[PDB]
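Here is how the chains run, residue by residue.
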Amino acid sequence: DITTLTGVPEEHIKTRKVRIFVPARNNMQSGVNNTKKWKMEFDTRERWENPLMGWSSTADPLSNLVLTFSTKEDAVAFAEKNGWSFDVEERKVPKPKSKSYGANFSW
Amino acid sequence: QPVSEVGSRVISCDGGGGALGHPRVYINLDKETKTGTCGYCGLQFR
Amino acid sequence: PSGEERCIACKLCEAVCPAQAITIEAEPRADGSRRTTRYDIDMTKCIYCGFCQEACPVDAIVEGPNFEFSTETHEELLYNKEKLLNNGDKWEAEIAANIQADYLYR
Amino acid sequence: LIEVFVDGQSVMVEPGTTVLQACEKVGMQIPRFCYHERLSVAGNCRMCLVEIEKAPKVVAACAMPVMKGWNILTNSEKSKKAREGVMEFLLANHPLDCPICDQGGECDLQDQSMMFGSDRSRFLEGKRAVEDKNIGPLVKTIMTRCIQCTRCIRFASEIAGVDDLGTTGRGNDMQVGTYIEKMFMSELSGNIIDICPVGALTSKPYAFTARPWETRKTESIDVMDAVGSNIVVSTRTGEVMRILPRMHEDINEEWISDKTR
Amino acid sequence: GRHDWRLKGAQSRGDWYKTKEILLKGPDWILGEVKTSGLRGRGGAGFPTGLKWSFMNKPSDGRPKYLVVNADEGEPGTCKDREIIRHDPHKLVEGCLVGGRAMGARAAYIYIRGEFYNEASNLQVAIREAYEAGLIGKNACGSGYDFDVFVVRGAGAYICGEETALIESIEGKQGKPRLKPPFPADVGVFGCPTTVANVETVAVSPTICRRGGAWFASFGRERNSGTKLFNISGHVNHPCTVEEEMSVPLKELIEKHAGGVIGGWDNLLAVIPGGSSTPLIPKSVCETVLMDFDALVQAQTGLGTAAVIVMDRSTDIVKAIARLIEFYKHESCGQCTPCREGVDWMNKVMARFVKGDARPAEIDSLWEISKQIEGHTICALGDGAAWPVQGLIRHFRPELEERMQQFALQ
Amino acid sequence: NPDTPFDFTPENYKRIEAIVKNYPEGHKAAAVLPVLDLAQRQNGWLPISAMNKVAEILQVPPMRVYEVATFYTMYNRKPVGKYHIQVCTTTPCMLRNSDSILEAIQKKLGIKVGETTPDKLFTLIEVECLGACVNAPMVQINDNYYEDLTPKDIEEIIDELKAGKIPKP
Amino acid sequence: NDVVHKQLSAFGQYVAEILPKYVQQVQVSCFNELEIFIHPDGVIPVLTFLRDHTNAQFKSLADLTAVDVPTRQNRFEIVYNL
Amino acid sequence: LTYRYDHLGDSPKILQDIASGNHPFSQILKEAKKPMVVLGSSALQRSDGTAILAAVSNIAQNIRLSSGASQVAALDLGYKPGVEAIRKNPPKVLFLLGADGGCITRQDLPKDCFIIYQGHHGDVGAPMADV
Ligand SMILES: Cc1cc2nc3c(=O)[nH]c(=O)nc-3n(C[C@H](O)[C@H](O)[C@H](O)COP(=O)(O)O)c2cc1C
Ligand code: SF4
Ligand code: SF4
Ligand code: SF4
Ligand code: SF4
Ligand code: SF4
Ligand code: FES
Ligand code: FES
C-alpha cells in the first residue's frame, strides 16, 4: 500500500471503484485491434450542466482516466499496490466457428 | 429559391464555384415524384 | 450566396481544435438537412491557431480578418452561434475577398 | 488437425477451416467486408485476397479452407497491390459524403481506405448516384453509399427470416434495395443498423445527433427484457446517445432486440 | 450434319448403330477412349475432358448424379451452335446418352438461351421422337440402362454461358456463379453432383466412341488434338461455319473455306480469334500463328472458341473495341466488385478514347487498371473483358495517341 | 398495375405442372424461370400482380421472384408493341454495318431507340450479340431471326408485318 | 545509411564485451540510435566509464528522462542520453 | 414464427394427452434426445396456471423415465406468492412502480386512497397515488 505517498484525497481511493476489463469491439466496426489489452476504467460519478451555455460541468477529479495493460494479473496487482477496490472481468474471446460456402448448397 | 430542372438525369452540385463550395456530389433524379434536394447545398433539383 | 448557411455539423471542428474551444450539438432540420442547434465557441480558450479554418470541408467557419473585439465582460467572449452568424454578416464581402485572394495557395 | 504456416511460423490449425480463420487464429487480421461470422460467407467484395506461398494467383481469404502445410504471406507485396487494386474500385463511386454521412466516425470503409488504399485518386469521370428507397420508421436508407456486400440480405434471409428485401438488377444499377415500395418491418430490423458496413443504412432516431469519437461507451445489460443481453450504451457527456449490442456467447451474441434499442 | 435434323438425317450420320454396344455398362474403356482421344475443353476452358469427367467416377455416395450441357449463343462473333442445333439434334442426344452414361448420370438437363425459341422447340420435337423410339428413359436404346434428358430455356443472360452461373440459374436463383472450391463435380444443382460441357464436346463424344479416339488424336498438334468448328466473320467474302483440323493456319482457312480475305490490307491488321481473346497486329498473323489454341498461346492468345473476327482498316479498331466493352458492361451481374465497377470504368474511358479527348498518360493507367481485374473477379467474364484491351494497348498505341492530339488541336 | 389484377388460365396450370414435373421433387423453386415465360407468353407483359401470383403458386417469396424478373433482359416490366423489334448491336454486325439497318428502321418509324410508336405496336431495341454472328446484318422480332438484311429489305418486311404474315427469311 | 548502423553496431558489441557485468542488451534503433540497458544498481559504474575514455568520452548529459508505464514489475523507466 | 413447425390444439387436451401419451407427438418426444419443453410466462396466468404447469411437468417425467424482469430475481429470493392474490385488503400500499399494476384496480383505495409511488414516470401509477 502506497496510499500515503500519493496525494490523492481519501475519498477517491475509498468511495469509488476501478473496473478492469478488456474493451469490447465497437460493433459498428469489423475491426479487432482496439479490443485487446486490459484497461482500468473508473466508475462514473455526477456530471450536471452549466447554468450558462449548457456545458457539462463536472465535479469528479478523475473521470477521464484510463490505463492500458498487457496482463490481467498485472492489473489487479497494480490496483492492489494502489490499494484500490476493483471489479475484474473475464476476457471473452469469441468461440471459433465452422464455416462452409458449400453448406449453403446442401439441397 | 426556384427549383432548378434539367431534362437529363444525374447532375453535379458543387454549391457554387470550384473549391469554394461543398464537396462535389451528384444528385440523382430517378424519381420525378420528388425534387432532388442537395445533401449540403439544400438546393432542390428535378 | 443563396442566403443559406454553410455549416453542416460534421463536427470535426470540435475534433481538431487543440483547445477544444468549440462545442457543437446538431439536430436534424425539419426539412431533414443536417444542422447545428448550438454551435458555440469561446475566445477565452481559443488560441487562434486556425486549425478550424483548415478543417472545414464545406469551408463554413472562417477565421475572419477582423482582429479587434476586446470587450468588457467575460460572458461576452463565449460566442453563441447567432453571434458568429452576425459576424459573418458584418464582414462577408471582406472575408470572401480574403479567401478569394488566398485559396489558390491552399 | 492439419499443420499450416501463417507466413512463417507453423500453426496446428483445425481441419478444413478457411484461410481467413487461420490467420484469425494467429491473430493477424485480413482486410474484410462482405464476410461476417454469425452470418455467412460470400465471394463478393474481394478485399480479402491473399497470396499462397507458391500458387501464383491470390484467393479469397474466407473462401478456401486451409490444408496440407500451406504457407501464406499476408504481407506479400502482390497481396498488397491486390488490395489497393480493389480499394480503388470501391472508392470509384462511393459519394463524397464523409462529413454528412452519419457513419463517418468509424465506417470500416474509411479505415480500410487508410490502412491499405492508395491515397491519390486516379478515377477521373462521373460517379453513379441513385434515388432513396423509403423503409420504415427506423432505418434511414440512403443508398448510393451502398457497396454491394450483400450482407444485409444474408442478414434478413438467414436470421430475421424475412426475405422481403433483396438484390435487384445486374451490373451497375443493381441494387440491394427491395423492389416495390412496401415497408420492411421486423423485430430484428434494428440490428442491421449495426450490421450495415457503411452509412448506407443508419438509424433515423439517432441520426445527426452525435459523432463516434465523442461518446463514452459504458458496458452493461438490457432491462426491457429479462433475457439479460449485454450492451454498450453510448453517451455524449451526461446524456445517453445511442445503444449498441455487446457480444456475448450465452445470450445476445453480437445481436440485440429492437424494442430495447 | 447440316442436312435433315430429323432421325432420318441422323441415318446419314448412321444414327445410333452400335451405340447399344457402347453401353457396356461401364464408362471406363470409352472413358479411356476419351482420355486417350486427347480431347480438351470446347468451352474455351481447354481442360482435359476425359480427366474432367473422370472426377465424378467416385462410388455415387448415393446422391443422384446429373449432367448439364452448356448450350449458349452469348459470345460475340460466335454462331457455331446455331446451324448445329437447327440441323443435327440427334447426335447431340446420342452424346447425351453416352456421356450421361459416362457419368452414369441419371439425367441430362440442357440450358438454352431463350432467344433460341424456335429451335429449342424443334429440339423438343426431335427429343420427343427419341422418346418415341424407346431410345431413352427406361432401358433406353438397349443395354437396359435408364437415363432422363430435359431441356431448359433461358432468358437473355450471357453470364449463364458460364457453367456455375448456369447451374445457379437452374434453381431459380439468379445467374450468379458460385465461389470455389465447391464444384458441380462436388455439389452442382440443388446439392447433387453434376457436370457441364460444350455442345461440341458432348455431340462429338459418341463419335469418339465409334471411330477411334486415337484417330481424333491424329489431327492437329498432339497437344491440340482433333478438330473444331471455325466461324468466320468480319471483313470476309463468305462468312461461314467450318469444322477443320486444329493445326490449320488462318490465312489458309480464310482464303480457302471463307472465300478469302477482302484484301491484303486486313492481313496487315488485327483479327480476333473468338472475342475475349486479344487481337493481334502482324502482317504475319496466321503466317505466324496456327489456329490450334496452343499456337495462339505462343501468340499470347486464346482460341476464343474459334469464332473469327476479320477486321479491315476501313473500320477503326477503337470503335469496335469500345462497342465490345459496352457489350461487357451491360452484362456481368456485378456481384464481385472489381468487375462490377471496373468494367464500367473501362467503358467510361473508352468513350473518351473514341472521342479522342483523353490525355495520353491515361492509357498506361488503363493498362495498369486492367492488371487489377486481370486475375481478381470471381469468374472469367471480367478477365475476358480485361484481356482484349490489354492487347490493344500492347499494340495499336500510335492510333490512339495521334487521335488524341488531333482532337487536341480542337 | 396497382397490385391488381391477375389470374392464370387452366391450360396454363396444365402446362406449368407439365414442366414443373421436370424438376427433382425436393425443390420446386427451379420452376420459377419457365413459369414467368408462360405469363410473358400470355399477357405479353409483366404486371407485378402476376409475379405475386407465381410467387404464391411456388410458395417462394415474391422478392426472389422480382430478382428473377429484373435480373434478366427477356422479361418486360413495360408493355411491348405487337411487334417488339430487337436488333443486333454488337460489333460483328457493326462490321457488317448494322448502323444502316437501325438508321433505316428509325428513318421509317421515326422512333428513337426504345420509345414505343404511339400506335403502340412497335418497340425498337438495340440488342447485344444475338449469337447469329455468322450471318449478315440481322434482326429478330419476337423469336424470329431475319438475316442477310439490306436496309430496304427490312422496310419491306415491316410492310409484310402490316400484311399479317412473316417467314424467317 | 548502412555505415552508421554498422559503426554503432560494432561499437555496441565493443562496449558489450569491454564491460559485460551489466549490459543487458545493446539494441540499435534502426535510425542510427544505439541504446544499451543497465541494471538499476549499476547506474554509476556504467556512466562513469561512459565519460572515461576508450571511445566513450560521452561528456554532458543531454537529459535525464523518466518514462512511465503502469505495467511491469517496476513501473518507472529512467533514461540517459549522452 | 418465421420457420416451419408443428401446430397443436388446446391446453388440457394436447398437453395432458401427450402427457398420457395419447398424442402421437408424445412418441416422437420419447425417441428424442435431450428434449426441451418450453413454457411461457403468459401461460402461467390464464385463470388456472397451476393446472398447465402440472401437465407440462408430467411430460418431463415421462421423458426421463423413457431416458435416452422483476421475476426470476424474486424467486431467487422467494418473494412468492408475488401475485396480489394474498388480499385480504391491506392499507397503505407501497408502489415501486404502479405504472404496470395500477391499471388493474384501485379497490383498496376507497378503503385507503393513499398509495406511495416510487416510480420514474407519471404514467398510470402516479396519478392514482398519494406521496
Ligand atoms: C454458349 C456458351 C457461352 C459461354 N459463356 C461464358 C461466359 O460468359 N463466361 C464464362 O466465363 N464462360 C462462359 N462459357 C464457358 C463455360 O463457363 C464453361 O466453362 C464451358 O462452357 C464448358 O467448357 P467445355 O464445354 O469445354 O467443358 C460459355 C460456354 C458456352 C458453350
Ligand atoms: S467543419 Fe465547419 S461546418 Fe463542418 S461541422 Fe465543423 S464547423 Fe460545422
Ligand atoms: S481557432 Fe484555432 S484553436 Fe480556436 S478553434 Fe478554430 S482552430 Fe481550434
Ligand atoms: S461512412 Fe460512407 S460516407 Fe461517411 S465516410 Fe465512411 S464511407 Fe465515406
Ligand atoms: S445494404 Fe448495407 S450491406 Fe447490403 S449493400 Fe447496402 S450497405 Fe452493403
Ligand atoms: S466474375 Fe465479374 S463477371 Fe464473372 S460473374 Fe462474378 S461478376 Fe459477373
Ligand atoms: S470477404 Fe473475402 S471476398 Fe469479401
Ligand atoms: S454479332 Fe450482333 S448479333 Fe451476332
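- If you check the PDB entry, chain F appears there as NADH dehydrogenase [ubiquinone] flavoprotein 2, mitochondrial from Sus scrofa.
- This entry carries the title "Architecture of mammalian respirasome".
- According to UniProt, the comment filed for chain F under the heading Catalytic activity (unreviewed entry) is "a ubiquinone + NADH + 5 H(+)(in) = a ubiquinol + NAD(+) + 4 H(+)(out)".
- In its Subunit (unreviewed entry) section, UniProt records this for chain F: "Core subunit of respiratory chain NADH dehydrogenase (Complex I) which is composed of 45 different subunits. This is a component of the flavoprotein-sulfur (FP) fragment of the enzyme."

- In the nomenclature of the PDB entry, chain E corresponds to NADH dehydrogenase [ubiquinone] flavoprotein 1, mitochondrial from the organism Sus scrofa.
- Listed in UniProt under the heading Function (unreviewed entry), the comment for chain E reads: "Core subunit of the mitochondrial membrane respiratory chain NADH dehydrogenase (Complex I) which catalyzes electron transfer from NADH through the respiratory chain, using ubiquinone as an electron acceptor. Essential for the catalytic activity and assembly of complex I."
- As recorded by UniProt, the Subunit (unreviewed entry) comment attached to chain E reads in full: "Core subunit of respiratory chain NADH dehydrogenase (Complex I) which is composed of 45 different subunits. This is a component of the flavoprotein-sulfur (FP) fragment of the enzyme. Interacts with RAB5IF."

1. Topic: the overall build of chain F
Okay, so step 1: Looking only at helices and strands, one finds seven helices and four strands in chain F.
Okay, so step 2: Along chain F, helices and strands appear, N-terminal first, in the series α-α-α-α-β-α-α-β-β-β-α.
Okay, so step 3: Across its three principal directions, the C-alpha atoms of chain F cover 50 × 35 × 25 Å.
Okay, so step 4: Expressed as a percentage of contacts within chain F between residues at least 6 apart in sequence, the contacts between residues at least 24 apart total 61%.

2. A look at the overall build of chain E
Okay, so step 1: Scanning chain E from terminus to terminus reveals 18 helices and 10 strands.
Okay, so step 2: Taken over C-alpha atoms, the radius of gyration comes to 22 Å for chain E, in line with the 22 Å a tight globule of 410 residues would show.
Okay, so step 3: Counting only C-alpha atoms and orienting by the principal axes, one finds that chain E spans roughly 75 × 45 × 35 Å.
Okay, so step 4: Within chain E, residue pairs in contact and separated by at least 24 positions form 68% of the contacts whose partners lie at least 6 positions apart.

3. Here's the deal with the packing of aromatic side chains
Here a ring pair, both rings aromatic, is described through the centre-centre distance and the interplanar angle of the planes.
Okay, so step 1: Pairing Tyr 179 of chain D with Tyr 66 of chain F gives two aromatic rings, centres 5.7 Å apart and planes at 50°, and the pair type is tilted. You can see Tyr 179 of chain D sitting in the loop between α4 (152-160) and α5 (191-195) and its partner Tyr 66 of chain F sitting in helix α4 (residues 62-71), one on each of two chains.
Okay, so step 2: Aromatic pair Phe 71 of chain F and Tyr 72 of chain F: ring centres 4.8 Å apart, planes at 85°, arrangement edge-to-face.
Okay, so step 3: An aromatic cluster is defined as three or more aromatic residues linked by ring pairs; in this entry it consists of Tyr 109 and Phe 150 of chain E together with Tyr 23 of chain F.
Okay, so step 4: Stacked on the ring of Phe 71 of chain F, the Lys or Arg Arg 170 of chain D has its end atom at 4.2 Å from the ring centre.

4. Remarks on the interface of chain E and chain F
Okay, so step 1: The interface of chain E with chain F comprises 50 residues on the first partner and 36 residues on the second.
Okay, so step 2: Elements supplying a minimum of two residues to the side of chain E that touches chain F: α7 (117-132), α8 (163-170), β6 (231-234), β7 (240-241), β10 (308-310) and α14 (317-329) of chain E.
Okay, so step 3: Here the side of chain E that touches chain F is built from residues that sort into 24 nonpolar, 16 polar and 10 charged.

5. Some thoughts on the pairing of strand β1 (residues 85-88) of chain F
On a regular strand, one side chain projects to one face of the sheet and the next to the other, so that they alternate.
All names here are of chain F.
Okay, so step 1: Where β1 lies against strand β3 (residues 139-141), three bridges are found, and the strand directions are antiparallel. Directly across from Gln 86, in β3, lies its bridge partner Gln 140.
Okay, so step 2: Where β1 lies against strand β2 (residues 126-127), two bridges are found, and the strand directions are parallel. Each residue of the ladder has a partner; that of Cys 88, found in β2, is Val 127.

6. Remarks on the sheet that holds strand β9 (residues 271-273) of chain E
Residues and elements named next belong to chain E.
Okay, so step 1: Sheet architecture is open: four strands sit in the order β7-β6-β10-β9, paired in mixed fashion. Either end of the sheet is taken by a strand with one partner, and the two such strands are β7 and β9.
Okay, so step 2: Where β6 and β10 come together, two bridges link them in parallel fashion. Counted as the bridge partner of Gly 234 is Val 310 from β10.

7. Some words on the pattern of salt bridges
Okay, so step 1: Of the charged contacts, one joins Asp 102 of chain C and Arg 106 of chain C as a salt bridge, the two residues approaching to 3.2 Å between their closest N and O atoms.
Okay, so step 2: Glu 168 of chain E is the salt-bridge partner of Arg 178 of chain E, the closest N and O atoms lying 2.2 Å from each other. Of this pair, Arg 178 of chain E sits in the loop between α8 and β4 (196-197) while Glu 168 of chain E is found in helix α8, placing the two residues 10 residues apart along the sequence.
Okay, so step 3: Salt bridges sharing partners connect three or more residues here, namely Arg 82, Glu 83 and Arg 86 of chain E together with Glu 147 of chain F.

8. Description of the sheet that holds strand β3 (residues 49-52) of chain D
Residue and element names in this part refer to chain D.
Okay, so step 1: Across the sheet, five strands lie side by side as β2-β1-β5-β3-β4; this open sheet has mixed pairing. If you trace the sheet from one side to the other, it starts and ends with β2 (10-12) and β4 (59-60), each paired once.
Okay, so step 2: Pairing analysis gives two bridges linking β3 to strand β5 (residues 71-73), with the strands arranged antiparallel. Bridge pairing in β5 links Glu 51 to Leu 73.
Okay, so step 3: The sheet contacts of helix α1 (residues 19-26) involve β1 (3-6), β2, β3 and β5, and relative to β1 the element is tilted by about 70°.
Okay, so step 4: The strands touched by helix α2 (residues 77-90) are β3 and β5; relative to β3, the strand with the most contacts, the crossing angle is about 160°.

9. Details of the arrangement of the chains
Okay, so step 1: The highest contact count of any of the 12 pairs of chains in contact belongs to chains E and F.
Okay, so step 2: Spatially, chain C is disjoint from chain F: no contact exists, and the shortest C-alpha separation is 30 Å.
Okay, so step 3: There is no contact between chain C and chain H; across them, the least C-alpha separation is 25 Å.

10. Notes on the environment of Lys 57 of chain D
Residue and element names in this part refer to chain D.
Okay, so step 1: Relative to the elements of secondary structure, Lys 57 occurs in the loop between β3 and β4.
Okay, so step 2: Expressed as a C-alpha distance, the spacing of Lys 57 and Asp 164, which sit 107 residues apart in the sequence, is 38 Å.
Okay, so step 3: Sequence-distant contacts of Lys 57, that is, excluding residues within four places in its chain, are made with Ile 52 and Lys 78.

11. Notes on the packing of helix α15 (residues 337-355) of chain E against helix α16 (residues 362-374) of chain E
Residues and elements named next belong to chain E.
Okay, so step 1: Between α15 and α16, the shortest axis-to-axis distance is 11 Å and the interhelical angle comes to 160°. The orientation of α15 relative to α16 falls into the category roughly antiparallel. The two elements α15 and α16 cross, and the hand of that crossing is left-handed. Contacts between α15 and α16 involve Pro 338, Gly 342, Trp 345, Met 346, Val 349, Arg 352 and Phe 353 on the former and, on the latter, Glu 362, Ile 363, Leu 366, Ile 369, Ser 370 and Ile 373.
Okay, so step 2: Tallied by class, the residues present in the contact of α15 with α16 amount to nine nonpolar, two polar and two charged.

12. Some details on the packing of α16 of chain E against helix α17 (residues 380-394) of chain E
Residues and elements named next belong to chain E.
Okay, so step 1: Closest axis-to-axis distance for the α16/α17 pair is 9 Å, and the angle between their directions is 150°. Classed by the angle they form, the pair α16 and α17 counts as roughly antiparallel. The way α16 lies across α17 gives a crossing that is left-handed. Side by side, α16 and α17 meet where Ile 363, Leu 366, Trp 367, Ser 370, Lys 371, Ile 373 and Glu 374 of the first sit next to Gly 382, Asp 383, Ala 386, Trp 387, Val 389, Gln 390 and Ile 393 of the second.

13. Notes on the environment of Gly 259 of chain E
Residues and elements named next belong to chain E.
Okay, so step 1: Its place among the elements puts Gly 259 in the loop between α11 (250-256) and β9.
Okay, so step 2: Between the C-alpha atoms of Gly 259 and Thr 301, which are 42 residues apart in sequence, the distance is 25 Å.
Okay, so step 3: With residues up to four places along the chain from it excluded, the contact list for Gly 259 reads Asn 237, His 238 and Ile 254.

14. Some details on unusual backbone geometry
Okay, so step 1: The linkage connecting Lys 180 of chain E with the following residue, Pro 181 of chain E, adopts the cis geometry, with an omega of 10°.
Okay, so step 2: Position of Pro 181 of chain E among the secondary structure elements: in the loop between α8 and β4.
Okay, so step 3: Across the junction of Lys 80 of chain H and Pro 81 of chain H, the peptide omega takes the value 5°, indicating a cis bond.
Okay, so step 4: Tracing the sequence through the fold places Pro 81 of chain H in the loop between α4 (72-76) and β1 (93-95).
Okay, so step 5: A positive phi angle, close to 65°, is found at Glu 254 of chain D, a residue other than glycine.
Okay, so step 6: Structurally, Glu 254 of chain D is set in the segment after β10 (240-245).
Okay, so step 7: At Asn 32 of chain G, a residue that is not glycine, the phi angle is positive and equals roughly 65°.

Parameters at a glance
- Residues numbered from 1 in each chain as written, not as in the entry; some residues may be left out.
- Chains lettered and ligands numbered in written order.
- Part of a larger assembly, values for the part shown.
- Heavy atoms only, no water.
- Residues with missing side-chain atoms left out of burial classes, pairs and counts.
- UniProt positions renumbered as here; feature names shortened; annotations may be inferred.
- Helix = DSSP H or I, 4+ residues; strand = E, 2+ residues; numbered from the N terminus.
- Contact = heavy atoms within 4.5 Å.
- Rg over C-alpha atoms; globule rule 2.2 N^0.38 Å.
- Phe/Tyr/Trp six-rings, centres within 6.5 Å; stacked < 30°, edge-to-face > 60°.
- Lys NZ or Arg CZ within 6 Å of the ring centre and 35° of its normal.
- Nonpolar A, V, L, I, M, F, W, Y, C, P; charged D, E, K, R; others polar.
- Pairing = 2+ DSSP bridges.
- Salt bridge = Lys/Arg side-chain N within 4 Å of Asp/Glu carboxyl O.
- Axes fitted to C-alpha atoms, helices over the stretch in contact; angles between N-to-C directions.
- Parallel < 35°, antiparallel > 145°, perpendicular 65-115°, else oblique.
- Left-handed = near helix turned anticlockwise from the far one by under 90°.

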